[PDB]
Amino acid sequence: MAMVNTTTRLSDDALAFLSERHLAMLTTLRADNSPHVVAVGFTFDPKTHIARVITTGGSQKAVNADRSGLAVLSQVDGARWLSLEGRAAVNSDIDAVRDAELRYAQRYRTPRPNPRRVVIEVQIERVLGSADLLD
């Protein structure tokens, strides 16, 4: 396990795994507090500890992120895995959307246009994962 805050740095191996191309699951909570888990891409900025998901505004995952205010982003590749937990909010500012799209293209590829795109921003505070990555 590791805490994440202004004084922390994830291990080099964990950061590498986060920069490599991997798909993930986004977990949020529904209004009844049941977990909502859906496949996404995401990006993680080690300088700010902000994880981003681009998605459609008003989509279920966006509604939950906004309403309950928390999210987890989780990826696995065999023995390596990580879950990044934190506080979440939805940003619909078009310049923030563009910044998110540019970040997404680095990890994945240029995304298809989406006039209703928003960003879920997650301020990562705790990480779970495989023992070799943590540190």
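Sequential numbering from 1, following the sequence displayed.
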In the PDB record, does 23-31 or 71-79 carry the higher mean Cα temperature factor? 23-31
Comparing mean C-alpha B factor in the record for 14-22 and 108-116, the higher one is 108-116
Specify which of 66, 101, 85, 95 carries the largest Cα B factor in the deposited PDB entry. 66
Residue 43: CA temperature factor from the record, placed by chain third, in the lowest
Would you mind ranking residue 50 by its C-alpha B-factor against the rest of the chain and naming the third, lowest, middle or highest? middle
